[PDB]
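The structure appears below as structure tokens.
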Amino acid sequence: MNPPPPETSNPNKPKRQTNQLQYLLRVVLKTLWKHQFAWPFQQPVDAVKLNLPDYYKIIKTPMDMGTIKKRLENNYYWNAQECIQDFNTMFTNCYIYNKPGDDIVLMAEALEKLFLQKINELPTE
Ligand SMILES: CN1CCN(C(=O)c2cccc(CN3c4cccc5c4C(=Cc4cccnc43)N(C)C5=O)c2)CC1
């Protein structure tokens, strides 16, 4: 069964726009989105659809690139590091829920490498 997806707005949280956050949307997220292995990560895990009734019994901090994209579009984050943490949570969730060598894990491994390549150098303020 599915919990509510992670919030993409929160009026009690302050918003911010920075050059680095703009880059995380325009270049990092939007390039990863087009990778051949991006599709499992473009929306919250639908445990009912995918017949993964254990998914949210295991994964307590779910995250995906659809949520990240909406957060970036909504200026939800304070800084680039907060957004980067959401990407890292997404990848770690995949490693936690699965096991080494699974096709889904090979996909996450490739995307994580591309992600790190792209965030190695960010624009300055
Ligand atoms: C039963 N077979 C299925 C094939 N298989 C895989 O390796 C495998 C590879 C790619 C996609 C899937 C199915 N799926 C999904 C499944 C499992 C874990 C996870 C997922 C996901 C996301 C996901 C998204 C859309 C559709 N489908 C998903 N995310 C984040 C996950 O952590 C499974 C394992 C054995």
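Since every read-out is calculated from the coordinates, none of them should be taken as a lab result. Here the Cβ is made from the backbone with ideal geometry for all residues, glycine too, and neighbour counts use every protein chain on show.
Within 10 Å of each residue's Cβ, count the other Cβ atoms and sort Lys15, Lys34 from fewest upward. The partial results should precede the final answer.
Values: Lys15 12, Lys34 7.
Exposure proxy ranking, most exposed first: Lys34, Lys15.
Among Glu112, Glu125, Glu7, which comes first, then next, by fewest other beta-carbon atoms within 10 Å? Before the final figure, lay out the partial values.
Values: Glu112 18, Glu125 6, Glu7 12.
Starting with the residue having the fewest Cβ neighbours, the order is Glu125, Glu7, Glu112.
Which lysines, if any, have their Cα less than 17 Å from the Cα of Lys15, not counting same-chain residues under 8 positions apart?
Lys69, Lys70
Using only DSSP helix segments of four residues or longer, with each worth -39500 (n - 2.57), what per-residue ellipticity at 222 nm results for the chain after dividing by its residue count and rounding to 500?
The helix contribution divided over the chain gives -13000 deg cm²/dmol.
For region 29-73, what's the relative contact order in percent, using C-alpha pairs closer than 8 Å and at least 6 residues apart? Numbers along the way, then the final one.
Values: 28 pairs, mean separation 18.7, N = 45.
Relative CO of region 29-73 lands at 42 percent.
Name the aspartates and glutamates eligible as straight-distance cross-link partners of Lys99: C-alpha to C-alpha under 17 Å, and not fewer than 8 places from it in the same chain.
Once the sequence-local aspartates and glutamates are set aside, what remains near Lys99 is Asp54, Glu109, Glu112.
Which ordering of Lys99, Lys69 is given by a fewest-first count of other beta-carbon atoms within 10 Å?
Details: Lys99 9, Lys69 18.
Ordered from fewest to most neighbouring Cβ atoms within 10 Å, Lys99, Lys69 come out as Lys99, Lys69.
Apply the Kirkwood formula to the chain: the hydrodynamic radius equals the inverse of the mean of 1/r over all pairs of different alpha-carbon atoms; give it in Å with one decimal. Could the numbers behind the result be given before it?
Values: mean 1/r = 0.0663 Å⁻¹.
Result for the chain stands at 15.1 Å.
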